[PDB]
Amino acid sequence: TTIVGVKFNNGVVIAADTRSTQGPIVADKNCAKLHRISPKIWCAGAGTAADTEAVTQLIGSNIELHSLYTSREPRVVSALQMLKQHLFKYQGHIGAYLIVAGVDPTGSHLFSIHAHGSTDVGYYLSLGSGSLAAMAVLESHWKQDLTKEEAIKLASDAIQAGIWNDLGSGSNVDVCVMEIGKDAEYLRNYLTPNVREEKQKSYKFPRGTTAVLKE
Amino acid sequence: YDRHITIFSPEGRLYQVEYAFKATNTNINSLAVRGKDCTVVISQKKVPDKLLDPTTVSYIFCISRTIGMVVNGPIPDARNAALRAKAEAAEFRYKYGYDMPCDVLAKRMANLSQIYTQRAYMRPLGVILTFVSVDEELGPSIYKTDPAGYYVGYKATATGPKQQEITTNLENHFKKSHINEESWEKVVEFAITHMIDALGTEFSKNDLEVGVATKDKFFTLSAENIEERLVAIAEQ
Amino acid sequence: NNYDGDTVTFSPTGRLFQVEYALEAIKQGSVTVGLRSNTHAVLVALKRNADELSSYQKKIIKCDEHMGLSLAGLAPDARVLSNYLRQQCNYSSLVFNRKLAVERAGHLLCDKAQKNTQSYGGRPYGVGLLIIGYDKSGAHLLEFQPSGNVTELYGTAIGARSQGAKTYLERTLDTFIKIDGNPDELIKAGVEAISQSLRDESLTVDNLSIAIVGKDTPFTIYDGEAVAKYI
Amino acid sequence: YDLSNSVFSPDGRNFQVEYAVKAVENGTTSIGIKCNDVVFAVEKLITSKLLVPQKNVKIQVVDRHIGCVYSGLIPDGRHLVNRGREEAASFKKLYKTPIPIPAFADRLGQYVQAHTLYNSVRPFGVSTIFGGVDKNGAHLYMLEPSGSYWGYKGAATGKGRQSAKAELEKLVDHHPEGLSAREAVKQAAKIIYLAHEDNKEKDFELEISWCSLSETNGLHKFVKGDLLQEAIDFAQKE
Amino acid sequence: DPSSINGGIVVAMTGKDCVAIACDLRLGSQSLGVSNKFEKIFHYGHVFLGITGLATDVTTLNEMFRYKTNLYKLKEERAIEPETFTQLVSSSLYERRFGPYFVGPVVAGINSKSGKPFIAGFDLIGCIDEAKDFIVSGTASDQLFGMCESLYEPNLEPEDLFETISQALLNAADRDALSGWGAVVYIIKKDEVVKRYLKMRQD
Amino acid sequence: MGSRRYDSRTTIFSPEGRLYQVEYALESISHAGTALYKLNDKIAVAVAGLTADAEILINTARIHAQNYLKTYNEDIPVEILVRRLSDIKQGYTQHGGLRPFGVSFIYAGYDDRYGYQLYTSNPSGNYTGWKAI
Amino acid sequence: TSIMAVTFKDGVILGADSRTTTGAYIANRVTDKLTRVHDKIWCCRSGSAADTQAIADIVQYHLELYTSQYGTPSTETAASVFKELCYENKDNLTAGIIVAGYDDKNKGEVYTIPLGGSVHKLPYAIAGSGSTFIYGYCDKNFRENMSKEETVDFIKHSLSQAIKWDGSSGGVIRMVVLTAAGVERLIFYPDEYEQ
Amino acid sequence: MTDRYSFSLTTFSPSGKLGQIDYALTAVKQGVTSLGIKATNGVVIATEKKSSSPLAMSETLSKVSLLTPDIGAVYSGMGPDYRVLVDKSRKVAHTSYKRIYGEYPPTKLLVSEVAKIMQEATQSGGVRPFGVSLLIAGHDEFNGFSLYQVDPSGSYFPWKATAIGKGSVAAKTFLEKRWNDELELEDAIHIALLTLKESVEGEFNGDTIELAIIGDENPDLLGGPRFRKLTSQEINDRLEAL
Amino acid sequence: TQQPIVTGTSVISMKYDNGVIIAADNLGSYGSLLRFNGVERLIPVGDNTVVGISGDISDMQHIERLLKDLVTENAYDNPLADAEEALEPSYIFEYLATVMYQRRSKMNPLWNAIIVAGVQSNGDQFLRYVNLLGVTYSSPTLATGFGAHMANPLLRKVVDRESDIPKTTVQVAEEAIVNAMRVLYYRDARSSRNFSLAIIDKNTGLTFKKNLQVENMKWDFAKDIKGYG
């Protein structure tokens with residue numbers, strides 16, 4: 001699994017791979033790893049998929065309740081605090097590693113959370129099994145003066161490198177762009193460089209091949 | 001027993017809440033006005049007994065860094081409400097990672113008052129609360145809560161026995177034209193002059209207590225810092 | 001009265017009538033006298049019986065080898081308080097290996113009695129107590145009322161017709177304080193003091209109990225033939 | 001409307017608290033005077049000569065720097081002092097510093113006010129005068145059965161509270177620059193002796209304590225010995 | 001592990017306007033067979049659930065989901081949909097975070113409103129795997145994956161889909177020691193539901 | 001004076017041996033309409049008075065029936081469910097201090113042991129089978 | 001990994017590195033190990049990140065309540081809160097915490113709280129894995145009543161040595177100065193202390 | 001300090017009436033006329049707003065709340081009770097349905113939950129019934145558009161066009177005078193505005209009434225929700241064409 | 001609790017004809033690292049009690065806070081809290097032993113070895129030992145940890161039995177204590193050169209000597225040792 005997040009001048013971009021495996025066998029080749037906590041706050045998770053999904057859903061429900069209660073737009077810091085407190089309450093037994101990114105009235109924010117509840121900030125972050133290749137790519141091709149398209153290209157490059165150079169990652173690239181003052185964030189497989197070739201021979205059996213005892 | 005516990009009368013009223021409202025009136029009057037980027041609250045500090053220490057007789061509490069509260073009513077319930085509000089604001093800051101908005105705290109206190117009026121084993125508090133702040137997303141903000149669990153925001157507000165005169169003068173002033181002064185000292189002087197117009201007694205420096213909520217923080221003015229406005233008002 | 005159904009109601013003049021009824025319950029009890037000197041403390045109790053075929057109820061309860069009490073009023077409340085005092089003395093002797101002071105026991109009883117006069121659902125105690133003890137500060141005698149008021153006196157008397165014994169103790173105050181070398185003389189003084197409260201009655205070996213504590217004297221109770229020579 | 005603890009009257013009053021104040025009114029006279037550095041004085045009624053002199057101490061000590069006196073139902077005052085000791089110990093354990101006098105006053109006020117919110121309990125029948133010395137100087141406070149408390153230059157409560165208040169006001173007016181410690185003790189003794197005139201036909205015992213910077217090292221100590229006798233003689237002379 | 005004690009194989013494929021779900025019938029204690037009539041596919045309204053793993057957990061999940069489905073139908077006065085049932089199954093599985101059932105549940109069915117075939121799989125703790133091609137569970141998941149990666153074509157007719165899923169299931173079971181003892185195939189169409197039993201070696 | 005507001009001590013006997021609250025609830029039901037829910041696939045219930053308490057009791061009955069079905073793998077007999085609901089209603093008439101329910105129930109159910117049966121129940125907790133209404 | 005606090009003459013300066021490693025890999029190349037508890041009285045933490053963050057949040061909430069209710073907390077109050085949190089969870093957390101503060105009365109205070117929950121004041125404090133390599137140097141070049149610039153130079157030298165000789169320590173050097181003037185933030189890049 | 005209020009405060013009268021519920025209904029009746037009309041493509045909920053003081057900002061308090069992105073509510077009666085009940089309903093809509101099934105609850109089930117909450121106040125110990133009557137407007141995929149009324153007794157009823165408050169009888173008569181089978185969202189809004197203007201004594205502008213609608217879809221507000229609360233300017237524009 | 005982190009060193013004590021002497025160093029070792037210096041491990045309680053603690057120092061601070069709380073509590077409503085109702089070494093030791101045993105029984109011990117020393121109100125010298133597991137015993141000479149193996153043999157050469165106690169003056173006991181501290185600094189790798197010493201005498205009272213230093217050490221002969229053959 002590879003997940004990256006890059007903060008440009010007026011927003012954030014979150015990208016991820018789309019392969020989920022159990023042991024040495026690929027379980028699903030089109031898994032979605034970008035989670036919608038708030039209409040402007042999106043998180044991506046690595047580790048135990050069920051734990052990540054459940055924690056994201058619970059935090060999203062609590063965030064929606066808070067936004068209804070306060071009649072105010074939700075903030076990235078609130079989700080960060082809730083996620084880190086929930087993860088710390090379980091002493092790391094909930095194995096989820098998260099990258100959270102959002103846009104709120106206070107600006108644009110990007111954080112990383114670990115399974116034990118520790119959090120950190122940065123302008124570019126990478127998580128997952130193939131996070132080292134993505135981190136190397138980010139260190140190679142990052143500058144503080146980035147536009148939207150430069151960031152959306154950097155994220156794709158990092159995810160592709162992590163896909164190529166890690167056995168735990170593969171398939172397609174999912175992108176999500178958050179910018180101050182607009183929604184966007186509707187990419188959904190920007191790149192799909194893993195198209196399978198056609199089979200040499202068709203394997204459709206003629207009708208009546210299988211033996212039937214009773215119906 | 002409909003007049004002794006918070007249960008409905010045959011006409012559908014709660015007499016204990018009304019009695020608490022009556023108990024909200026010593027008879028100190030207080031005023032709150034919001035300007036361009038600040039909020040000002042003024043209260044009467046009546047200490048006719050010389051044995052009391054004047055600095056300890058106050059009805060204004062700094063709930064959080066940005067939020068201040070002025071209470072009308074008996075001081076024990078006022079301190080109870082102040083402690084509850086401070087605890088709620090601190091818990092909100094710890095849990096959600098950002099400062100509690102003034103209207104959120106007002107809504108929480110209103111919910112607590114409603115719970116008090118809904119259960120038969122807890123009497124309503126006989127105080128009226130006014131929270132003032134400069135919210136990061138709403139600018140100057142004033143919100144008042146009453147013993148009935150009701151709460152609402154005000155452009156300006158007054159609490160006390162003769163609050164009708166102050167309200168009438170304020171609404172006439174607003175019909176004439178918030179306050180268009182960019183410095184909080186001018187707003188404080190305007191509030192003092194308005195209170196003198198409504199409640200003419202030539203307040204001295206020991207007859208007033210002033211709290212100012214700016215963007216950075218909420219604070220209160222000492223007697224030496226209080227006597228400078230009335231000198232400025234007189235020299236004008 | 002409309003302010004008498006519970007202990008959590010104040011009268012318009014600021015009185016607790018349940019506590020007053022508990023106090024009046026003491027006045028319907030037998031007279032008990034307590035006194036002390038520099039070295040010894042003595043309690044004298046007059047006992048009662050239901051009829052000629054019944055025995056006389058005990059009026060002196062031992063709390064510890066250096067502290068005891070005598071009761072007037074409801075016996076079960078006295079038993080509860082004595083058990084509490086025994087528990088406190090045992091706790092002090094176990095945890096710190098120090099003999100509990102009489103004043104500490106007085107404070108504990110005051111707090112326990114107060115806690116029953118302020119909460120709905122309970123009632124105040126209905127017994128008065130005279131507690132004697134000896135500790136590092138000497139001999140001590142204390143008087144306990146159900147309201148939680150604990151006093152320290154050279155001599156006192158509770159129960160019914162107690163004014164005679166109290167008047168005798170006040171008149172002879174300068175005499176029994178100096179009685180240090182003779183515990184029996186102090187016992188005689190206590191007996192003569194309680195004799196003033198008798199209403200056409202004679203002291204017998206069946207209705208007289210005498211408890212004593214002292215410097216080199218563990219808390220000792222005399223009843224029956226033990227009190228033959230003190231009559 | 002005078003049968004339950006937490007029922008408002010049609011005019012907004014709580015009659016149980018007023019009856020508790022009436023109960024406080026029957027108590028003995030207790031006064032407290034603050035000096036520049038504080039001094040607490042109490043009158044103990046000698047109901048009979050059987051009582052052992054100097055064995056029924058009424059002034060209580062909280063931590064090592066707080067002194068408390070009360071007028072009213074003595075067991076209620078003792079219960080309040082125990083609660084204050086618990087709160088002071090908790091504060092000291094949590095923050096390692098002795099609890100400031102305003103914080104202690106706020107804790108006591110919250111406790112007393114909470115004892116007026118439900119009809120399962122009754123309000124305390126005592127009025128408390130308590131004070132001491134902390135990092136911000138010398139403080140004196142007075143707390144009532146309603147839970148309201150205030151800081152005072154001089155406070156008094158009990159049967160003879162009016163004469164004591166008049167004497168305190170006269171002393172405050174006559175000393176705009178403050179009082180010393182020994183002078184405050186002498187004035188407290190004189191005020192107690194003057195306020196004892198509400199009874200006359202009853203012997204009384206005077207108990208004095210003080211807590212100030214210098215001569216007590218910021219701690220609370222009872223005035224006993226030659227100083228107390230000098231104060232008594234000064235009070236008798238006046 | 002408890003998931004490899006009783007054995008079992010469940011597979012599910014999608015067709016043009018229908019689904020197919022097939023399962024094995026063997027139930028045995030380790031290497032000793034016990035029963036050859038232990039079906040692992042249950043039905044709730046118009047949705048189908050195939051469970052693999054510990055047999056007692058399979059029965060417990062069947063009873064619990066029948067309970068929940070009956071209560072849901074009573075409350076909402078309508079039959080549950082495959083996606084709603086998938087969410088319910090995932091939530092129920094995650095409820096036992098530390099005491100999870102050793103199960104391999106698979107959900108299939110046709111949505112009444114949209115008519116779109118729907119198939120999903122789950123892990124022991126309730127992670128949804130929504131695949132549009134096929135879903136595989138049991139002690140021979142690798143064999144089923146190898147059989148279904150090839151031989152499978154999108155939008156196959158139910159007649160051809162039956163043959164495809166039957167061949168895949170039979171060839172996967174023939175190479176698994178803990179599965180066999182017959183096979184059951186359900187072809188789920190728009191309110192048709194056809195059930196068939198297959199002929200296979202008895203090992 | 002903790003709480004002397006006890007509304008006539010709902011769960012006590014009258015001097016004649018009657019229960020005032022139960023009779024008042026019966027009066028309320030008699031003042032209601034004249035008698036549509038499904039407890040399970042084979043049992044239906046009609047309600048009279050205080051539809052909210054009726055819905056609460058119906059939900060409880062549904063939970064009980066589903067628990068019986070899970071436990072025994074068989075549909076619950078009508079009599080068992082009616083008896084459970086009647087015991088639930090009677091529990092509030094003897095202890096708890098709360099007011100009794102104000103709902104009258106008419107159950108129609110089919111089981112494999114009796115072949116179609118009808119019952120009625122009232123706030124007193126007594127249930128009776130009827131040949132016809 | 002390399003944390004320090006020094007009180008010279010007018011306040012207190014707290015210094016730290018910015019390297020966070022999840023083993024041999026550097027998880028965060030530039031981390032802010034200096035965390036604010038109050039306006040004054042705040043310093044840096046070592047050890048496990050999650051435990052330190054939780055303790056810092058709890059202490060900040062407690063001191064916010066203390067400020068709102070009883071005035072202004074001292075440095076010793078914050079040290080006591082940290083000590084209680086570390087000692088009651090002795091078998092549950094491994095943080096290690098230095099707390100530094102300023103106030104008018106004492107003008108700079110430092111408190112060290114190692115594993116086990118004990119607390120010591122000391123005139124200067126060093127902690128972390130890299131500090132093991134600078135115990136002698138810090139002992140040979142510390143003087144009381146130094147100027148601000150001398151303190152900055154001393155911290156820079158000690159932290160540069162710790163960064164050089166410790167594998168798990170060292171990004172940039174972050175310093176925070178707390179005096180009567182206010183709170184000042186300083187950053188020193190690798191090209192400065194390596195030469 | 002103990003609660004010791006375990007007994008119920010609502011009991012049956014000898015005539016079979018529940019006094020507290022009747023008194024709560026009396027308190028509700030002396031409120032503000034709020035009405036709801038169900039149409040073929042939406043449901044409209046309208047109410048009047050009062051001014052406690054001239055200096056009070058009316059927009060700080062909203063008498064119509066969003067329960068779910070597809071369900072909204074209005075009240076007649078005691079405002080604080082309505083606010084607390086709205087918070088409780090918002091919590092219940094998540095902690096009981098959405099966190100289990102992954103979808104927002106249908107309108108009927110949410111109304112059932114709210115009715116259960118209001119009924120629990122009429123039978124438990126040491127409480128009083130809520131002094132509010134609620135109108136719930138919602139849309140769900142299978143049940144379409146629905147409108148419900150919940151009383152303090154906890155009994156809820158479905159309505160096609162209903163009104164509560166002081167002018168409840170006159171408003172109900174006006175609504176029942178002409179209610180066709182082809183009502184549209186804008187037609188329902190116009191009818192609601194006419195009825196509210198007739199019921200009100202004057203000052204009928206955009207800042208003295210509050211209206212909300214359920215229907216269609218608002219992807220622009222997704223960031224779509226079917227609940228839209230009309231702004232004051234839009235209400236004024238609609239009143240200009242009244 | 002489960003393992004000590006910052007640990008103290010040996011505490012030694014002995015009885016002389018008119019009182020008790022107890023000494024302990026001022027090190028706060030962190031294993032093999034002498035991390036902390038100037039740590040006082042002799043806690044005076046009242047005017048007649050000294051408590052010496054060896055082992056984990058966080059627990060030492062915890063129980064010294066407990067001792068402060070006990071001293072505060074003893075003065076409540078106690079007019080004779082400084083004359084006749086004051087705390088005694090026996091009461092303090094009983095409280096400490098009860099606390100230690102209760103902590104042991106819950107499997108959450110205080111990793112300390114504690115020596116309580118003082119003079120009783122009747123003039124009898126009190127000197128007793130406690131530790132984790134709640135094991136208590138008394139002896140004319142006591143030592144905890146490492147000093148139990150080296151300081152005790154030397155001290156027992158002066159006070160070997162009870163009858164030797166009246167024959168020992170304060171000067172001889174103090175010299176023996178200083179010599180034992182010097183030997184401990186010679187042979188203990190967790191020892192420090194600086195230590196504190198407390199004397200409790202029935203007549204004079206409590207004398208506290210801080211910032212003492214080990215002196216008169218011998219190192220000259222080390223010039224003659226070379227190699228290892």
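In what follows, chains carry the letters A, B, and so on, assigned in the order in which the sequence lines appear, proteins first and then strands, with residues in each chain numbered from 1.
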Going by heavy atoms in the side chains, are [X] and [Y] under 4.5 Å from each other?
X: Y186(I); Y: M217(I); result: yes
X: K105(G); Y: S74(G); result: no
X: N179(I); Y: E175(I); result: no
X: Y124(G); Y: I13(G); result: no

| remark: Sorted by chain and residue number, the side-chain contact (heavy atoms from CB on, under 4.5 Å) partners of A54(G) (sequence neighbours excluded) come out as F88(A)
[X] side chain to [Y] side chain, donor-acceptor N/O pair below 3.5 angstrom:
X: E76(G); Y: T97(D); result: no
X: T72(I); Y: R64(D); result: yes
X: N97(C); Y: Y95(I); result: no

Minimal non-hydrogen separation, [X] against [Y], with atom names:
X: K221(D); Y: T216(D); answer: CG-CB, 4.4 Å
X: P98(D); Y: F91(D); answer: O-CE2, 4.3 Å
X: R104(C); Y: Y76(I); answer: NH2-O, 2.8 Å
X: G15(G); Y: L159(G); answer: C-CD1, 3.8 Å
X: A81(I); Y: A86(I); answer: O-CB, 3.3 Å

| message | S121(I) and side-chain hydrogen bond (donor to acceptor under 3.5 Å, both in side chains): which single residue from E88(I), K202(I), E84(I) fits? | response | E88(I)
| When you look at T1(G) and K33(G), which way does the side chain to side chain donor-acceptor pair (under 3.5 Å) test go after all the steps? | CA-CA 9 Å; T1(G) 56; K33(G) 300 179 181 179; 2.9 Å; yes
| query | Does the pair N74(I) and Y91(I) meet the rule for a side-chain contact (heavy atoms from CB on, under 4.5 Å), with working shown? | reply | CA-CA 11 Å; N74(I) 180 78; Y91(I) 311 156; over 6 Å; no
| field | Backbone of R187(I) reached by a side-chain donor or acceptor of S191(I) within 3.5 Å | value | no
| request: Go through the steps to decide whether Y185(I) and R193(I) satisfy the test side-chain contact (heavy atoms from CB on, under 4.5 Å), and finish with yes or no. | output: CA-CA 6 Å; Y185(I) 187 63; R193(I) 193 185 176 96; 3.7 Å; yes
| said: Over 60° means perpendicular and under 30° means parallel, so tell me whether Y66(G) and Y95(D) are parallel, tilted or perpendicular. | reply: perpendicular
All N/O donor-acceptor pairs, side-chain side in residues 6-14 of chain I, below 3.5 Å, sequence neighbours left out:
residue : atom : partner : partner atom : Å
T9(I)   : OG1  : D25(I)  : OD1          : 3.1
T9(I)   : OG1  : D25(I)  : OD2          : 2.9
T9(I)   : OG1  : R190(I) : O            : 3.4
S10(I)  : OG   : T144(I) : O            : 3.3
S10(I)  : OG   : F146(I) : N            : 3.2
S10(I)  : OG   : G147(I) : N            : 2.6

| task | For the pair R98(C) and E85(I), find out whether any cationic side-chain nitrogen is under 4.0 Å from an anionic carboxylate oxygen. | result | yes
| message | Do the side chains of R103(I) and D59(I) get close enough for a salt bridge, i.e. N-O under 4.0 angstrom? | response | no
Atom [atom1] of [X]: over 12 foreign heavy atoms under 6.0 Å:
X: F208(I); atom1: CZ; answer: yes
X: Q213(I); atom1: CD; answer: yes
X: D47(I); atom1: CG; answer: no

| message | As a quick check of understanding, evaluate side-chain contact (heavy atoms from CB on, under 4.5 Å) for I55(G) and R45(G), giving each step before the final call. | response | CA-CA 10 Å; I55(G) 294 298; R45(G) 336 286 143 86; over 6 Å; no
| message | Are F154(G) and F8(G), when compared by the centres of their aromatic rings, separated by less than 6.0 Å? | response | no
| Given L178(G), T35(G), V99(G), the one that forms side chain to side chain contact (heavy atoms under 4.5 Å, CB included) with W42(G) | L178(G)
| Given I99(D) and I66(D), is the side-chain contact (heavy atoms from CB on, under 4.5 Å) satisfied, shown in steps? | CA-CA 9 Å; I99(D) 177 171; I66(D) 300 183; 4.2 Å; yes
List the atom pairs, with distances to 0.1 Å, where a side-chain N or O of residues 112-123 of chain G and a protein N or O form a donor-acceptor pair under 3.5 Å, not counting sequence neighbours.
none

